[PDB]
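my complex, first installment, coordinates as in the assembly:
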Amino acid sequence: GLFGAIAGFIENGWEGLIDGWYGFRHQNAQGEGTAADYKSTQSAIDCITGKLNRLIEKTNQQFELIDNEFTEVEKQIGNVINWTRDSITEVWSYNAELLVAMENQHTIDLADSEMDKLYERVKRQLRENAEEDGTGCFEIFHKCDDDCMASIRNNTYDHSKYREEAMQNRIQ
Amino acid sequence: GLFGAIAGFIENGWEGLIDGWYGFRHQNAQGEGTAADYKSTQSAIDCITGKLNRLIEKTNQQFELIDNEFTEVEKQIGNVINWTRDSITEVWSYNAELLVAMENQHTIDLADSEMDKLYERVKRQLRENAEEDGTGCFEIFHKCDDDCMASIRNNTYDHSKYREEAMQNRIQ
Amino acid sequence: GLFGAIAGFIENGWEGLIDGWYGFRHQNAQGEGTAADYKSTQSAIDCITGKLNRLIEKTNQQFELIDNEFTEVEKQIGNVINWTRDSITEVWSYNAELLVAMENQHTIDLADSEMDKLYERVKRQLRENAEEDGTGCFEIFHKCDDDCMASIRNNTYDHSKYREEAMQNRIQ
């Protein structure tokens, strides 16, 4: 992608995540923990299903026979018929090759943008209390237990409670 | 959009803005105020007009009659003519359906990118003097009157004048 | 582009860079220096060559004559042949004009995204030790010699060595 998140500063994916496309992973004094996110997965799945519904359908127009395969027809008209059919086949072969590559290019960029947005939201939520490290994780400067991580995971984190301790820890 | 600004961290638009597409809204001790921006609106309008000029035009090739509607023609040639016309109609019906959706997809992403660029440009000139809040606007840590807001709007804000007071307010 | 880096907050390019598409330029107590980057140039060149290989090729279908230019043919069939040929020409003229504009639009956005990613990586590498200025340059708050700049260029730069001095310089 051109957003530089998947195969960018995130080195690789996780094969243990089986209930979503994106998720969290936390480590504190008690131990490690894992979870999954819901909104971004829903957005990506909705886009994919929309594309599939738009694409998969056949025509409604009916065509009939214009030549015979048991007894041949006059040459001067059969040549014209063959020429026209061969002319149409090329256009119909070109269109599909264009369209498939177009959609394949669009999908990956959509997924990359979703991952980047998920990262940016969490970065904005934690202000002047955590520091970036460059590989997709944040380092917290205060003591955060399981309930605090749960509150972070669902947008109920109040930064005013821990501001003074985090600032004192960071400045010195 | 895939930049996550419109319908992203900005909750909704303003129905009172009638002289532009993007604008500011400021509040201080004296009162509230509103204005509008010029560059981004011009860019978006220019792109839209370019697309319209590119699209709206008809051909200059001339076609004539090959059949009759008062007295019919021989069957074996009328069948071929009807077959060819029906074949062409499908291609011309498919092309428009592709093109319209393509342009509709492009325009919204363009607008979202413009909004994000304006936000980032405004953010990059208040270094170490203002703090983000996550709903699309900033909190200033010093005393700013109408003239200071006006200088912020037209790119004439000097951060060295207020640095010490803002830093002292922020650290404690 | 819609990433706002080329012709955005970077005012203009350099005509003295002759061994790459992107590069650095440093100034310290000893003097000035210039270099070039390798990864982004390789990515852009790979994409361009992929597009060129995808496009430049001709068909593998054979066509023959159906009319004569020394002695004419019957009118009622020549009219049909001319009508069909004129119908096909319009489709083949429309397709190319669409495709060229498509690719031209995509390439510039790709280049802009590459430049933005290169900027963001270096910004993330230097944490809390340098400050942005808004024109594509960083200001360092400690003493950095040629070896430190060379380390910045090719990663393996440790921010823990200069943290205290940079923080003390910045805070006062």
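Alright, I've got the coordinates. Numbers count the residues shown, from 1 in each chain, chains lettered A, B, ... in the order given.

which residues of chain A lie near chain C?
A:2-4, A:8-9, A:76, A:79-80, A:83-84, A:86-87, A:90-91, A:94, A:98, A:131-132, A:134, A:171 (Cβ under 8 Å from any Cβ of the partner chain). All C-beta spots, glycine's among them, are computed from the backbone N, C-alpha and C.

and these, which are buried?
Using 16 or more other Cβ atoms under 10 Å in any protein chain shown as the burial test, the residues of chain A next to chain C include A:2-4, A:8, A:80, A:83-84, A:87 as buried.

and the two most separated of the residues you listed?
Maximum pairwise distance among these (Cβ to Cβ): 56.5 Å, between A:8 and A:80.

between the buried ones among the residues of chain A next to chain C, which is closest to chain B?
residue A:84 (6.3 Å; Cβ to the nearest Cβ).

can the strand or helix carrying that closest one be found next to chain B?
Using DSSP states H and E, residue A:84 sits within helix A:75-125. Yes: interface with chain B: helix A:75-125 contributes A:77, A:80-81, A:84, A:88, A:91, A:95, A:99, A:109-110, A:113, A:117, A:120-121, A:124-125 (Cβ under 8 Å from any Cβ).

and stretch A:50-63, by the same measure?
Yes: residues of stretch A:50-63 are located near chain B by Cβ under 8 Å from any Cβ, namely A:59, A:61, A:63.

who's in contact with the residue nearest the centre of chain A?
What sits nearest the mean C-alpha location of chain A, by Cα atoms, centre = their mean, is residue A:111, with 1.9 Å. With contact taken as Cβ atoms under 8 Å, 6 or more residues apart in numbering or on different chains, residue A:111 is in contact with A:1, A:6, A:44.

while you're at it, add chain D from this line:
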Amino acid sequence: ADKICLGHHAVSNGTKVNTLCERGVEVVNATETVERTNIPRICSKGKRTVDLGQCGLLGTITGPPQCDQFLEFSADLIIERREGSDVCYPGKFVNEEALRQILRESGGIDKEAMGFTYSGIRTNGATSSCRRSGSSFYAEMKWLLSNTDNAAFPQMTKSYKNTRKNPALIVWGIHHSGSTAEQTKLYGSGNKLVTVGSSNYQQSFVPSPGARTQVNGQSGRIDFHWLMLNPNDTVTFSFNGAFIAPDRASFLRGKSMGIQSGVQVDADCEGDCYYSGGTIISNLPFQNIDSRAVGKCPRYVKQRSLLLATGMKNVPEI
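Once chain D is put in with the chains from before, the structure reads:
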């Protein structure tokens, strides 16, 4: 304690469009790209128009009594109506569609005499099915017939040479009598045969009497044949009976266009796309009116509406 915020505009009611991955997205503006309206008249200003009434297109070469004022016409637009007929005596043309396609773009015709002269036989054969002020015939052809009832028709030959710098058009006819006694009465007993020759053409014809259904009160028939002549050649006719001789030759001039319609004509208008119900005036690239329009027209699609976005996504308050 100061604050500055950023935002965008919005509207109360928007329009729904289609994107690559959704159907029914709401925006502030959209426009239309398919045409659905027309003008129920023929717009023709700045061009010369000829409105044939009861006269058929092919009649202008032979000249039945209903095509007396269109023998030499000049026009840029030709309009044909449904009630046009091109015969006063029962019969039909051969290879009519090609001739019609040739004539629709001729832009007019010009007539030139041939100069044939005859001795012995009669010339003024006439019928009651083509009446001007009595009994008459086609205005540009001659019915030869014989000297008297049950006589002999000498075998004759005639020739004509083109002189001008453009191809010419030649038309002749053959008569099939209604019985085997009328053929003897009008051209004498025996066998009949005609032959036509040129540089790139050699054909022979022979009549065939018989009884048929009555059309316009007659039982005989007339067949018309035509050919095109290069501007140095010569045409020779050799005949013994049952011949309808030509009198004048036709030359084309310029170019034009022809349509078939059923509405009236307006002289204060302007257009270039015609069909059988009026004119189409638009700049949009697509149309959904008719698939057999002629001129400089938009392309035909089977969809009824296709909207193009002209604004950002609409997010109303509350």
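
and the helix holding residue A:84, is it in reach of chain D?
Yes: Helix A:75-125 is in contact with chain D by Cβ under 8 Å from any Cβ, via residue A:106.

list of residues touching the following helix or strand past that helix?
Counting by DSSP H and E, the next helix or strand C-terminal to helix A:75-125 is strand A:130-132. Residues from elsewhere that reach strand A:130-132 (Cβ under 8 Å, 6+ apart): A:123, A:138-141, A:170, C:124, C:127-128.

likewise for stretch A:12-29?
A:32-38, A:40-41, A:44, A:114-115, A:118, A:144-146, A:149, A:153.

mind giving me the ChimeraX select for those, buried ones only?
Applying 16+ other Cβ under 10 Å to the contacts of stretch A:12-29 leaves a buried subset, and the ChimeraX line that selects it is:
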select /A:40,41,44,114,115,118,144,149,153
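
of the contacts of stretch A:12-29, which belong to strands?
A:32-34 (DSSP state E).

in JSON lines, list those along with distance to residue B:22.
Conversion of these to JSON lines gives the following (distance: Cβ to Cβ, whole Å):
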{"residue": "A:32", "distance to residue B:22": "45"}
{"residue": "A:33", "distance to residue B:22": "42"}
{"residue": "A:34", "distance to residue B:22": "41"}
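
among those residues, find me the one that's closest to chain D.
Nearest member of these to chain D, counting by Cβ to the nearest Cβ, is residue A:34, at 30.0 Å.

can you pull the contacts of the closest one?
A:16-17, A:23-26.

how about a cut-off of 7 Å?
A:23, A:25 (Cβ atoms under 7 Å, 6 or more residues apart in numbering or on different chains).

include this sequence as chain E:
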Amino acid sequence: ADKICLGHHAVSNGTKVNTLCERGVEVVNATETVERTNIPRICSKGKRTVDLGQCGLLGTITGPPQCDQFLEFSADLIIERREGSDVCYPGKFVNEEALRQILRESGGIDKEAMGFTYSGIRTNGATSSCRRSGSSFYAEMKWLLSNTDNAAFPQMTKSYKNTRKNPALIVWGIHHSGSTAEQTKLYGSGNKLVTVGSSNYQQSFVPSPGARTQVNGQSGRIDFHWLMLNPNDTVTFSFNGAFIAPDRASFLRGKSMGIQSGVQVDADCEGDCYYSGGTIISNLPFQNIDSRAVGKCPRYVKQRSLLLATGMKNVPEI
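This next block brings in chain E, placed alongside the chains you saw above:
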């Protein structure tokens, strides 16, 4: 000393697709958009099908002994086989392809008597090449022939008028004898000539005896001609010898579709796309099976496979 990280999922092995600027990119999922499978049977449930065997499509108008059960059929789907023949006596039709195209969509035929009667001449001409229980002829035509060997054939005329509100179909035939002696033995000495007339039709025919190669043990030939009648007109035949007279006229009913195939028929199935090898059932927009399919079918492309992505880029561990 607390830490939180973000990431995405991955799979062990993925699928390779093509993008705008690379070939062979690996993703988690993909699907197929080109059809390559069929059913080797004719699926027809909910429609009436007629499976002609040894009978040819054009025979149903004339009625050779192999088309005795298809004289008046009704169907929505018509199937023709490779072994079908439509002649019991050597001969062929004229302008056969147009008639076949007309009949393929008729949906059936209905027969109505004409009412011709003859006096003096014989009617029961029969041959040994069309055997039912002996020597017979076509079931819907009459071989006129003469009173006795080397006799006279009076010149006769017959007429028929359409009455219903739809066009009718008329078929007749001409006989070319195998020598110049058989012609005089069957219709007497002299010249022979027939003529056919209507409102928009007039033609003449004359036989031509001669020796040819032996097909089915015979040397003569029969030529069949046809015409279409508007629903108020009249048709007149004038003849003197060598005539095969019609006996009944045909009218169409409804509409249908016809195919040519070589497989069996299944009555528990559903489909709308047929070709010469079975039925194509799919919802994909493209196919790579046959280029001459009929019905409601996907379009034909010359590529074998085209994959569509359905997931993000795959980045496996280590």
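
quick recheck of the contacts of stretch A:12-29 now chain E is there?
Against stretch A:12-29 from outside (Cβ under 7 Å, 6+ apart): A:33-37, A:40-41, A:44, A:115, A:118, A:144-145, A:149, A:153, E:2-10, E:315, E:317.

what comes up buried for that stretch?
A:13, A:17, A:21-26, A:28.

dump the C-alpha coordinates for it into CSV.
Written as CSV, here are the backbone C-alpha positions of stretch A:12-29 (Å, rounded to 0.1, in the frame of the first residue of the first chain):
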residue,chain,number,x,y,z
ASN,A,12,4.7,-8.9,10.2
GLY,A,13,1.2,-10.1,11.1
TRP,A,14,0.0,-12.5,13.7
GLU,A,15,-1.2,-16.0,12.9
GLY,A,16,-2.9,-16.5,16.3
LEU,A,17,-5.6,-13.9,15.6
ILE,A,18,-8.6,-15.9,14.5
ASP,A,19,-11.6,-13.6,15.4
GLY,A,20,-10.9,-10.4,13.4
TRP,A,21,-8.7,-8.6,11.1
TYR,A,22,-7.1,-6.1,13.5
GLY,A,23,-6.5,-6.3,17.3
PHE,A,24,-4.6,-5.3,20.3
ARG,A,25,-1.9,-7.0,22.4
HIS,A,26,-0.9,-5.8,25.9
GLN,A,27,1.7,-6.7,28.5
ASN,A,28,1.8,-5.4,32.1
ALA,A,29,3.0,-6.6,35.5
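
centre of the chain to that stretch, how far?
16 Å (Cα atoms, centre = their mean, to the nearest Å).

tell me the SS of whatever residue of the stretch 201-318 of chain D ends up closest to chain E?
Of all residues in the stretch 201-318 of chain D, residue D:212 sits closest to chain E, with a separation of 3.2 Å (Cβ to the nearest Cβ). Counting by DSSP: H, G, I helix; E, B strand; the rest coil, the backbone at residue D:212 sits in coil.

that'll do, ta.
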